[PDB]
Structure formats: C-alpha cells, structure tokens
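Below is one structure; the comments refer to it alone.
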Amino acid sequence: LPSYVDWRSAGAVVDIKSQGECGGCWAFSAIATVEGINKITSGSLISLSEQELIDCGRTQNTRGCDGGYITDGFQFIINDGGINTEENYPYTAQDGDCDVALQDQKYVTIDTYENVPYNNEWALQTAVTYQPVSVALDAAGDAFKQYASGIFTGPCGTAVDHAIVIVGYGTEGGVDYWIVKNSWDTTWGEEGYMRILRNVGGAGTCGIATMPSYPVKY
Ligand SMILES: [N+]
C-alpha cells in the first residue's frame, strides 16, 4: 500500500459541512462516503442530502437528530433505490417530515455496503486506499472538542459516539496519522479536518478503528 493517501487530491471530497446542534453525524458520515464512491465510479462529485436521511431514514435505533448508525444511512439509500442532492433537499438541523416527492427523486445509487474487520488498522488502511471510509470515535472529551491543530493523540476513550469520515492517511516526522473529515464546520480543527494518531493497536485512537464501514457501488 502507498505511504500517503488523500482523497481531497482526487476530487472525491465535498467541502466541509456543519451539523449544528442536531446529533445527525451518522448521516454526515454515511453521505460523505457515498459522495466519495459516486465520484470514484461515475467521475462526478455531487453533494448529497443528509436531511433526507434524517427525515426519511428513521429505523430501529436511528432516529434523526437523536442519534443513529452509519450503516442505517447506507441501508436507507439501498432500500430507497437512491438519494437526492444537498441542493434539492437541504439541511435544516431539525427532525422534519420526510418529503416524499424529494425522497422519490433519486440522482445517486449504491448497491451494498461492507464492514471493515473491527479493531484492525491494517484492514482499515487497505480499505482507505480505495475509497473514503465511515468510522465512529469517542468525541466526548474536551481535548477532542478543543482540537485546533497537529496530530491528535488523545486523551479520549473508545466508547464511540460521533461518526466521521476518514479521507486519507500519511506520516509526518515519523508519526503515522489518519486524515479525518468532521462535520463541525471549518472553524474546528485544521479547516474542519483532524489528523489523528494511527497504528496504535486495538480499537485505535479514540476508537477510530472499532466500527468502520463503506458503501459499494459496482
Ligand atoms: N432520493
């Protein structure tokens, strides 16, 4: 595998978004990876609707702004036969009525999704080499909330509660890192992104390797 991977350099990452107070990061993350795979496969980068997942994708324990799971985001897209764009069904940071006319308007599709073997940074690295990957990490501590720059090393636990997207990896000064796209606007981290310590074992830094998944588009 390569020593550096950055999906931004390949035109496969939409500009940073901001989720506000709604706890819909599960949607932010699933959408970011679907945007990525769509670019890779079709050659065109389109910003997709997190709002549609929040409003129309409620299922089991995935309940809009109340929280949910990345995989239920992928499953919504699969079961619906597609997803609409950010421009057509814009984000409001609220739990709303699913707009069915907009739900029926489908521009991008995926075929299935896969889970990366949990707690295995090598398997995660391999997956990131081919496409952006969705992950969840423990973002509850102030160190995470306060992050402004550098390769973050913690402190943080491994009981995940915030979904984000890995868009690459690299090494600098002998220190391996993952490049993470967050949905907290460009005013958090390095213009909206974070570099976080890689190859630490087990669940990874802040549990970043404990529950990865990615969409598949043949
Ligand atoms: N849709």
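For the sequence shown, the residue numbers in PDB author numbering are 1 to 218.
Idealized CB from N, CA, C, for every residue including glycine.
Item: Where the beta carbon is closer than 7 Å to any heavy atom of ligand 1, which residues qualify, in chain order?; Value: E52, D80, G82, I83, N84, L102, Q103, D104, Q105, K106
Item: Would you kindly check if the distance between the Cβ of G36 and the Cβ of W7 is under 8 Å?; Value: yes
Item: Whole angstroms is fine: what's the gap from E87's alpha carbon to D104's?; Value: 15 Å
Item: Expressed to the nearest angstrom, what Euclidean distance is found between the alpha-carbon atoms of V165 and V135?; Value: 6 Å
Item: Please state whether the Cβ-Cβ distance between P132 and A123 is less than 8 Å.; Value: no
Item: Our contact map puts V5 next to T129 with C-beta atoms below 8 Å; I'd like the distance itself, whole angstroms only.; Value: 6 Å
Item: Pull up the distance between the alpha-carbon of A140 and that of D161, whole angstroms please.; Value: 7 Å
Item: Taking 8 Å as the threshold (C-beta atoms), are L137 and residue 252 in contact?; Value: The structure shown does not extend to residue 252, since the chain spans only 1 to 218, so no value can be given for it.
Item: How many angstroms separate the CA atom of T85 from the CA atom of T71?; Value: 19 Å
Item: Nearest-angstrom Cα distance between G189 and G150?; Value: 9 Å
Item: Any idea if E114 is buried or exposed, counting beta-carbon neighbours within 10 angstroms, 16 or more meaning buried?; Value: exposed
Item: Who are the near neighbours of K145 in its chain, counting only those whose CB is closer than 6 Å to its CB and skipping five residues on each side?; Value: none
Item: For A143 and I40, I'd like the C-alpha separation in whole angstroms.; Value: 34 Å
Item: Tell me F152's beta-bridge partners as DSSP assigns them.; Value: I196
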